[PDB]
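Next comes just one chain, in structure tokens: the form deposited in one PDB entry.
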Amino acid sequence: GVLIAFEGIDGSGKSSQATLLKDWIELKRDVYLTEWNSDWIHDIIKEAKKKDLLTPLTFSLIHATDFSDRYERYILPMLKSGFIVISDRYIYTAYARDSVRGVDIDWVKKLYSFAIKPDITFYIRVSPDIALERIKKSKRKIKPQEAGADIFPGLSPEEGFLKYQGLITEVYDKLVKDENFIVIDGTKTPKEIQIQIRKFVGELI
């Protein structure tokens, strides 16, 4: 059982490369792909608390709660069954998104220590500037979570994305050495990068 994690700023190419790589493993091996889509516990609590301003701390516990249920209901059982699990975003998303709002990152690390470290974590390194260009063409609505609208209320969605995804990057780069991140340069072509992905993974043998 091997767990491979993708992380990087939003619009950095995470899911697009995650789905092409699940199309590759699926021909040869058991593979299961997950995104942080969050799940039902985040939905209940957010709706119940739509009126109040909750603290980053409480937001942090809500996401970890919802992740803990996916982790022990799907992720961990499939790694016990031998599957490869591809996580489109893993616990290092929570490290950044909650530590950037003043939650003690070492407390977040302890919070998530119930989770196995990925066999490999692909850090797709892309500038916020270059990555913002792609969501403009995709016709997507720019979610407030993506712009850090809670932290940057005065800015426009566009302007908030640039500043928020920047501090996200600093936390990611801070994790590179301690977390054995492998940094992939997301500047490149989807396929060009994709063949870098398939080489690194294959090494497992």
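For every residue, the number given is its place in the sequence shown, counted from 1. Residues that one form lacks are left out of the comparison. For the two forms, the rigid core is made up of the largest set of C-alpha atoms that agree within 1.5 Å on superposition.
Absent from the display: the form deposited in another entry. The rest refers to it.
With the core held fixed, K174 shows a CA shift below 2 Å between the shown form and the other one. If you fit the rigid core between the shown form and the other one, you'll see the Cα of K137 move by 2 angstroms or more. Relative to the superposed core, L27 shifts its CA atom by less than 2 Å between the shown form and the other one.
If you compare C-alpha positions, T55 and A48 are 3 angstroms or more closer together in that other deposited form than in the form on display. In that other deposited form, the separation between the C-alpha atoms of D98 and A48 shrinks by 3 Å or more relative to the displayed form. Listed in sequence order, the shifted runs between the shown form and the other one are 38-52, 137-141, counting only residues present in both forms whose C-alphas move 2 Å or more over at least three consecutive positions once the core is aligned.
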